[PDB]
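# Examining the three-dimensional arrangement
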2 protein chains.
Amino acid sequence: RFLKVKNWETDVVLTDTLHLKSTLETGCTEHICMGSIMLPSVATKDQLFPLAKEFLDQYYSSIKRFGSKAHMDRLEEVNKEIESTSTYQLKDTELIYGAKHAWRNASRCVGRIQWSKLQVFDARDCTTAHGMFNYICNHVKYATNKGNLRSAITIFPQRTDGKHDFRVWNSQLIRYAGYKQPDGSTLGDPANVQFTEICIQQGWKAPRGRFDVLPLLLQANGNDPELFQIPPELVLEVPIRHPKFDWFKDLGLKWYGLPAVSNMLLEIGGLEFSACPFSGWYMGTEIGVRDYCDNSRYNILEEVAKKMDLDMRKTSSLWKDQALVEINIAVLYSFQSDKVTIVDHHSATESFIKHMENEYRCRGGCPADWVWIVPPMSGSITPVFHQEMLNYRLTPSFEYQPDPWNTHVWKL
Amino acid sequence: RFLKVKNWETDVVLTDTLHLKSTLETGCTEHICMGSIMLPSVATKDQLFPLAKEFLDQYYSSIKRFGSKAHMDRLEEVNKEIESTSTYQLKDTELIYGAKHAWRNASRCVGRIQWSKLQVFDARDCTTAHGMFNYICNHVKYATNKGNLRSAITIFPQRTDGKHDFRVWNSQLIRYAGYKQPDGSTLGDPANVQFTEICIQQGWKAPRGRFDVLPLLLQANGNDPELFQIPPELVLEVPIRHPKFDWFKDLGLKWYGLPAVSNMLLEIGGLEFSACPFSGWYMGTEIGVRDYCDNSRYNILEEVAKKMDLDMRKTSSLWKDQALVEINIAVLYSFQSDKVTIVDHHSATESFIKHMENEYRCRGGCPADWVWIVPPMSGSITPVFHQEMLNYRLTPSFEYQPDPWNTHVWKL
Ligand code: HEM
Ligand code: HEM
Ligand SMILES: C[C@H](O)[C@H](O)[C@H]1CNc2nc(N)[nH]c(=O)c2N1
Ligand SMILES: C[C@H](O)[C@H](O)[C@H]1CNc2nc(N)[nH]c(=O)c2N1
Ligand SMILES: Cc1cc(N)nc(CCCN(C)C)c1
Ligand SMILES: Cc1cc(N)nc(CCCN(C)C)c1
Ligand SMILES: [Zn+2]
């Protein structure tokens, strides 16, 4: 019950004890492992104080005032507020702590070496969709910082009864539009055709092109959501060129600078923040491999191999592989030459190994999801391929949640 | 308890029921997943008949004579033999069935679309190390078939008391030698320096070069093992050249045609065959990615990028990625131009999807280990990246076993 994880490139072994503090369930049993399933399987007052207590015990353990009176009174204070209101409110300091540690515990995140440099924006006084748009714009402007990207999170009011929720319906703050065609094919991003749908169904007059930035669909206090278009001066975009292949520009491609997940739920001490958009900087493969070359996304391996003069008749000519490397050297090169923060999969996966080392040392482990930590190209020549990893759920945490256009009791 | 696995490239869903027949344990619990651990965690007469029965029930269920008298008498016959001898002996037909299904159930194998075309060689009458060498040579000659590779397994006598075992100490029948250097570096294959050690410690006069084929270390009936050198005419090797880069040959590289795992244990109806070397044909990435570019193996990304004229100062120039594709196009090209069977990672991963489909259809599922099915380069542009998979242990099965030079009560 004090398990070992081995590196088979360097023979390094580390002992994981942190998994004992694990609480939630993984989906695996003694008889079946689900480590490759993408997402496997209202709260009451009685359930709440345990979670509040457990969170408060580790927060006070963190600043080395574990059993102080400040702890004991905060324990009693939160209990009384869960008695009086059946819920409770986080101190500003407990909100920053819980947010940083939700990132820290995100086992599918390879970037977590940065987990303690997170700017937390307290948006819990927001009441209207216009207010969110304002908070969200301030987040985009800050996090972007003129290409010197900065990591940030904006935390909107916590769930209360359930039907007053606050949701950003967008899956990312900044995404390109998806338009099906009359001939069946797709313009823009096929991932977003169902979301691009609702925007038009709500009055978005679409500039039916490729890289059309979508409008924010913000829902406040369970009310029907409302469209707001981000000032284009705040949407920083990088035009993609190759450092050797001059025909690259005629491909006419670009991506946005800022990756910002907006569809997840932040859980802290048993309180649920259903709108918590958070941003970092891109690892290059997210764009060059998945965004551009997923079959059901932009799907550009066809044209890149064309202008490279490649043997596309035979599968075993690895034309697909060869065009995938060039695309990623160019995504990397274009961001760097505009001073926009980006990290290659080699540097990122090395840092995560080093971070993992710090976590086993000063924390006793580090929950990691191999299936997600290994980059989607050149796997075994990055050091995370050869690193055994233990996956387990720790809290505070980011969780998935139903897409809001399936839950919502819609009306007007 | 009738789980679903989804493909996120094609939206295809399949229902897995086969996992209910799962028996062994995976290493995961409800609270921790070990799907990325490489290998996680004498038999008595009382344990044996259940396993014999379970195996016999599915074998007779397979030829559509489930509850026949031929089944009932074979059940009684094996029971009586487990009473009389505390063990039992497989019919030739039960040996071929069990072997084919051990391959079928090998969840880390992407090639299993071929699982029913397996030539089974019954070596259970063997008694001496010289006999094994003879059986093993006949296997190499057959399986190689002049580059028209054929899949085969040779099954030596089953474990009895424990200290009369039969083991092939080699991890593969055909591997290149590993020699450390006086200056610390390594010649040949660094994976094999500890095994190349014992060979020399047993009288192997090493031709201390790079691609020196190793001698077989065969142990028969628990006796101390003995060296035998495979006739070089039976060891077919492919010289690696690129279809564009003429400097490629001066790298002077070659690999052997036949991949043949020899260090695993075959479990059938509770009987344990500790020497069961089995062979197929190579997926190209096993050679071009892992053998050649693993840091602790041949580690050739240095020199290939050199003669390509690449930016090796900067990590984010993806020089490593670009030299990895070229190496794999050349491994593929060299094998094909000599008519030696090899499969690219695209064709192989497509077939496994199709095989998976057949298994959910006519069998109710297919145990798969994602971490091992996804190829070690260009992951997400092959269809297995996007395919959820359930892992569970079915029997008959191939299992790992201690390296014999740690178990052996050695003497002379
Ligand atoms: C600072 C730079 C960061 C980098 C380079 C980075 C890198 C990555 C990458 C490559 C993924 C793979 C997921 C995918 O393929 O879509 C990921 C997922 C994730 N990241 Fe990080 N990340 C960063 C910052 C952050 C921050 C600030 C947070 C939260 C406060 C965060 C939380 C997560 C979570 C929760 C996931 C997985 C959830 C999901 O996508 O299903 N990351 N990250
Ligand atoms: C017919 C062509 C075959 C191909 C193309 C193929 C392909 C592969 C590949 C790529 C792996 C990855 C393992 C690694 O990276 O080292 C693997 C593993 C494995 N194969 Fe298959 N295979 C074939 C035939 C067979 C046969 C005939 C058997 C047994 C009778 C078998 C049983 C296994 C097992 C048990 C493993 C995993 C055990 C381990 O390596 O730890 N395969 N195979
Ligand atoms: C730590 C990790 O389990 C290890 O690198 C595994 C990952 N997946 C693999 N997959 C295959 N096919 N072969 C391997 O050697 C490995 N190595
Ligand atoms: C089926 C499989 O779980 C799915 O393709 C996963 C695999 N690993 C991944 N890893 C990352 N980082 N991102 C992904 O979208 C996925 N997709
Ligand atoms: C914070 C953050 C960092 C990063 N590098 N990438 C993202 C986008 C993740 C998109 N996937 C959820 C589809 C977010
Ligand atoms: C039968 C078989 C097929 C294949 N394609 N490859 C192998 C070698 C596997 C080596 N690993 C165990 C290190 C064996
Ligand atoms: Zn698992």
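Residues numbered from 1 in each chain as written, not as in the entry; some residues may be left out. Chains lettered and ligands numbered in written order. Heavy atoms only, no water.

In its metadata, the entry names X-ray crystallography as the structure determination method and reports 1.8526 Å as the resolution.

## Structural notes on the overall build of chain A
Of the regular secondary structure elements, chain A holds eleven helices and 18 strands. For 412 residues, the compact-globule estimate of 2.2 N^0.38 gives 22 Å, and chain A sits close to it at 23 Å. Its C-alpha atoms put chain A at 70 × 60 × 45 Å along the principal axes. Counting only residues that meet the buried cut, chain A has 54% of its 412 residues in that class. For chain A, the accessible area works out to roughly 18600 Å², and carbon and sulfur atoms hold 51% of it. The positive charge centre, built from 46 side chains, and the negative charge centre, built from 49, are 3 Å apart in chain A. (Helix = DSSP H or I, 4+ residues; strand = E, 2+ residues; numbered from the N terminus. Rg over C-alpha atoms; globule rule 2.2 N^0.38 Å. Buried < 20%, exposed > 50% of the residue type's maximum accessible area, 1.4 Å probe, protein only. Areas by Shrake-Rupley, 256 points an atom, 1.4 Å probe, with all protein chains shown as cover. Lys, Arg positive; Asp, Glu negative; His and termini not counted. Charge placed at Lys NZ, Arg CZ, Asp CG, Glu CD.)

## Observations regarding a nonpolar patch on the surface
A cluster of nonpolar residues, A:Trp8, B:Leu39, B:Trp372 and B:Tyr400, forms a patch on the protein surface that exposes about 410 Å² of accessible area. Following the sequence through the fold, B:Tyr400 ends up in the loop between β18 (397-399) and α11 (404-407). You can call B:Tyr400 partly exposed: its relative accessible area is 43%. (Patch = residues over 30% accessible without salt bridge, like charges linked within 9 Å, V, L, I, M, F, W, Y side chains within 5 Å. Salt bridge = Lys/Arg side-chain N within 4 Å of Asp/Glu carboxyl O.)

## Quick word on the sheet that holds strand β9 (residues 226-228) of chain B
Residue and element names in this part refer to chain B. The strand order across the open sheet formed by three strands is β5-β8-β9, and the pairing between neighbours is antiparallel. The outermost strands of the open sheet, each flanked by one partner alone, are β5 (167-168) and β9. As paired strands, β5 and strand β8 (residues 216-219) are joined by two bridges and run antiparallel to one another. Bridging across to β8, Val168 finds its partner in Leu218. (Pairing = 2+ DSSP bridges.)

## Examining the coordination of the iron atom of ligand 2
For the iron atom of ligand 2, the protein supplies a single donor, B:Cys109 (SG), at a distance of 2.4 Å. Take B:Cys109: it is sitting in the loop between α3 (92-104) and β3 (119-122). (Donors = N, O, S within 2.8 Å, 3.2 Å for Na, K, Ca; no water.)

## Examining the coordination of the zinc ion (ligand 7)
The protein atoms that coordinate the zinc ion (ligand 7) are A:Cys28 (SG), A:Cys33 (SG), B:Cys28 (SG) and B:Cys33 (SG), at distances of 2.2 to 2.4 Å. Between the four donor atoms coordinating the zinc ion (ligand 7), the angles at the centre fall across 102 to 117°, so the site counts as tetrahedral. (Tetrahedral: all angles 85-135°; square planar, octahedral: opposite > 155°, others 65-115°.)

## Remarks on the interface of chain B and chain A
Taken residue by residue, the interface counts 63 residues in chain B and 63 residues in chain A. Taken together, chain B and chain A are joined by zero salt bridges. Linking chain B to chain A there are 28 residue pairs in polar contact. Looking at the side of chain B that touches chain A, the elements with two or more residues in it are β1 (3-6), α6 (284-293), α8 (319-337), α9 (345-362) and α10 (370-373) of chain B. (Contact = heavy atoms within 4.5 Å. Polar contact = N/O pair within 3.5 Å; in protein donor to acceptor, adjacent residues only side chain to side chain.)

## Quick word on the environment of B:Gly184
Residue and element names in this part refer to chain B. Within the fold, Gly184 resides in the loop between β6 (178-180) and β7 (186-188). Exposure remark for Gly184: the relative accessible area of 59% places this residue in the exposed category. With 124 residues separating them along the chain, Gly184 and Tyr60 place their C-alpha atoms 58 Å apart.

## Considerations on α3(B)
The terminal C-alpha atoms of α3(B), which comprises 13 residues, lie 18 Å apart, in line with the 18 Å expected from a rise of 1.5 Å per residue. For α3(B), the complete set of buried residues consists of B:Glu94, B:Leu95, B:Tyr97, B:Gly98, B:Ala99, B:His101, B:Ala102, B:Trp103 and B:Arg104. (Expected span 1.5 Å × (residues − 1).)

## Regarding the packing of helix α1 (residues 45-62) of chain B against helix α2 (residues 69-85) of chain B
In a packed pair of helices, the relevant descriptors are the angle between the two axes and the axis-to-axis distance. All names here are of chain B. One way to put it is that α1 packs onto α2 with a least axis distance of 10 Å and a crossing angle of 160°. Overall, the two elements α1 and α2 adopt an arrangement that is roughly antiparallel. As α1 runs across α2, the sense of the crossing is right-handed. Residue-level contacts link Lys45, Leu48, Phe49, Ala52, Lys53, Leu56, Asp57 and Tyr60 of α1 to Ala70, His71, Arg74, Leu75, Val78, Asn79 and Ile82 of α2. Looking at the contact of α1 with α2 residue by residue, the class counts come to nine nonpolar, two polar and four charged. (Axes fitted to C-alpha atoms, helices over the stretch in contact; angles between N-to-C directions. Parallel < 35°, antiparallel > 145°, perpendicular 65-115°, else oblique. Left-handed = near helix turned anticlockwise from the far one by under 90°. Nonpolar A, V, L, I, M, F, W, Y, C, P; charged D, E, K, R; others polar.)

## A look at the relation of the copies chain B and chain A
Between chain B and chain A, which share one sequence, the superposing operator has a rotation angle of 180° and an axial displacement of 0.0 Å; the RMSD is 0.0 Å. When the rotation and shift are considered jointly, the pair of chain copies conforms to a two-fold rotation axis. Minimal C-alpha distance to the rotation axis in chain B is attained by B:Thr29, lying at 2.3 Å. Both copies present the same face, since 100% of the interface residues in chain B are matched by interface residues at the equivalent positions in chain A. (Least-squares fit on C-alpha atoms.)

## Digging into the sheet that holds strand β9 (residues 226-228) of chain A
Residues and elements named next belong to chain A. Read from one edge to the other, the open sheet built from three strands follows the order β5-β8-β9, with strand pairing classed as antiparallel. At either margin of the open sheet sits one strand with a lone partner, and together these are β5 (167-168) and β9. The sheet contacts of helix α4 (residues 129-144) involve β5, β8 (216-219) and β9, and relative to β8 the element is tilted by about 130°.

## Side note on the packing of helix α7 (residues 301-308) of chain A against helix α8 (residues 319-337) of chain A
Residue and element names in this part refer to chain A. Between α7 and α8, the least distance of the axes is 9 Å, while the angle of their chain directions is 90°. What the angle tells us is that α7 and α8 run roughly perpendicular. Contact with α7, carried on its side by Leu301, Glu302, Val304, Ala305 and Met308, involves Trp319, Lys320, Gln322, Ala323, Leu324, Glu326 and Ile327 of α8 and no other residues of that element.

## So, the site of ligand 5
Residue and element names in this part refer to chain A. Close contacts around ligand 5 come from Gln172, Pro259, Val261, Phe278, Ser279, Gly280, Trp281, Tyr282 and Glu286, and that covers them all. Note that a nitrogen atom of ligand 5 is positioned 2.9 Å from one of the backbone N or O atoms of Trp281. Between ligand 5 and the protein, one listed contact pairs a nitrogen atom with a side-chain N or O atom of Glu286 at 2.7 Å. Against a free-state accessible area of 400 Å², the protein chains account for coverage of 60% of ligand 5. Tallied by class, residues from the shell around ligand 5 come to five nonpolar, three polar and one charged. (Near = heavy atom within 4 Å.)

## What about the packing of aromatic side chains?
Residue and element names in this part refer to chain A. With the rule as written, the count across this model stands at 47 aromatic pairs over all chains. With centroids separated by 4.6 Å and ring planes inclined at 55°, the aromatic side chains of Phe278 and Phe398 adopt a geometry described as tilted. You can see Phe278 sitting in strand β15 (residues 278-279) and its partner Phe398 sitting in strand β18 (residues 397-399), a full 120 residues away along the chain. Owing to a relative accessible area of 11%, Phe398 belongs among the buried residues under this scheme. (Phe/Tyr/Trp six-rings, centres within 6.5 Å; stacked < 30°, edge-to-face > 60°.)

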